[PDB]
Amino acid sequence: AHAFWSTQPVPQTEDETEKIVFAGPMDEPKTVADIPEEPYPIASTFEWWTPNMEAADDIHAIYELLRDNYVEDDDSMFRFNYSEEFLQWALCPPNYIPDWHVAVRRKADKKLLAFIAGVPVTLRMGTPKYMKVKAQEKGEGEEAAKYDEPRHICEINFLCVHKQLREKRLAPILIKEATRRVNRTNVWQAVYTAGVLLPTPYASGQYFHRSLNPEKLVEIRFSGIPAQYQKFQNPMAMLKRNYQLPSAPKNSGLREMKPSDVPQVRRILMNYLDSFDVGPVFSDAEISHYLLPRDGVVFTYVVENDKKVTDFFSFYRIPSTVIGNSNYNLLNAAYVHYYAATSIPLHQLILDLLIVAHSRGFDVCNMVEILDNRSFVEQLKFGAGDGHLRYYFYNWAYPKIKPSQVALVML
């Protein structure tokens, strides 16, 4: 069934997943010296290329591949259009490894055919709370605790093969070369997500959407007018009214995050994320990188009253190309990023996210039911979509956990 995935160190079935009781590696311990020094073999008409994702022109080359060949829906209505500024932000965090950005070009004329990217992340990925209780009940605490310490691993994203090269087994080659480059730096696990089901997720969550511009969403067929609104003389007027938001934030002391806020935002974020089984650990440099505002890319606000930051939220922008509409070329989506609330209920904090996103011309707010995202779904009028986001590890056995025990946002 899976000619490539069956050869890899990942749990092969749900049944296998059911028997996993402790976090730990799947594979034998290996050393850098055991890993081939030479790139993985590739057809003589192709070549490996490492783009410089801080150099405008290489960023643009990768941007065009993704613009034209990255994730699209099954009805080919929308295709993600991650911006050049977003890609530099996502792929070049503190201490990133340029070698983990891997491309294939056709040698002749240098057409770009494929990409995959890894970035470092420090992840808590030790045995989850409910399985540590089971271990305690059996006298197996030491085994369960072995990998409690946060680990420096690889996060993989942006796997893409050109549409003309699909179903030729190029993605496994990209994956094998990425793995080799990661292993050559003495890193042996990765974390990744996908909308598709592969062997075998450790967690899965539904996607949720919150309409900000329903007229546009219906025009481009992201949304339709729900059946219940047909009982009204003006269905669309009633739909617009249902999703109306304030024109300015409601929380006193909301303002954009600045450099001086990094220590307090790090503190409140890390205290919050500790509550979840799987989550990132961020240094001050990483809090700076992932949360300070970047035009067009990431938007972060703090609540500060009386000289103290007590809460914050962040969202990031991913537009999609709208394939063939005469009124609109783009869907402008805002995705819920990290947040922490200590002074107000989460729904009150995230309402301001929706208000700011709407004010800035976003059409929809998206999120997965990770973190405490379920706590404000109903009041804030999110609805489940048809997608799921599945969380995977490479070379890591891990008990199944609920998505409300995951605190890693994947871009």
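Position 1 is the first residue in the sequence shown; the rest follow in order. Just so we're on the same page, rigid core means the largest C-alpha set that superposes within 1.5 Å between forms.
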property: Positional deviation of Cα atoms in 9 other deposited structures of this protein after core superposition, greater for 284-292 or 220-228; result: 220-228
property: Between stretches 131-139 and 73-81, more displaced by Cα RMS in 9 other deposited structures of this protein (rigid core superposition); result: 73-81
property: Higher-B stretch (mean Cα B-factor, as the entry records it), 129-137 or 269-277; result: 129-137
property: 20-28 or 387-395, whichever carries the higher mean Cα B-factor; result: 20-28
property: Top residue by Cα temperature factor, when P93, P259, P226, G118 are compared in the entry; result: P226
property: From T200, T122, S76, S211, residue of greatest CA B-factor; result: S76
property: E84 CA temperature factor, ranked by third within the chain; result: lowest
property: Third of the chain's Cα B-factor distribution that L65 belongs to, per the entry; result: middle
property: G324 - Cα temperature factor, lowest/middle/highest third of chain; result: highest
property: Third of chain Cα B-factors occupied by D34; result: highest
property: Ranked C-alpha temperature factor of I175 among modelled chain residues, by third; result: middle
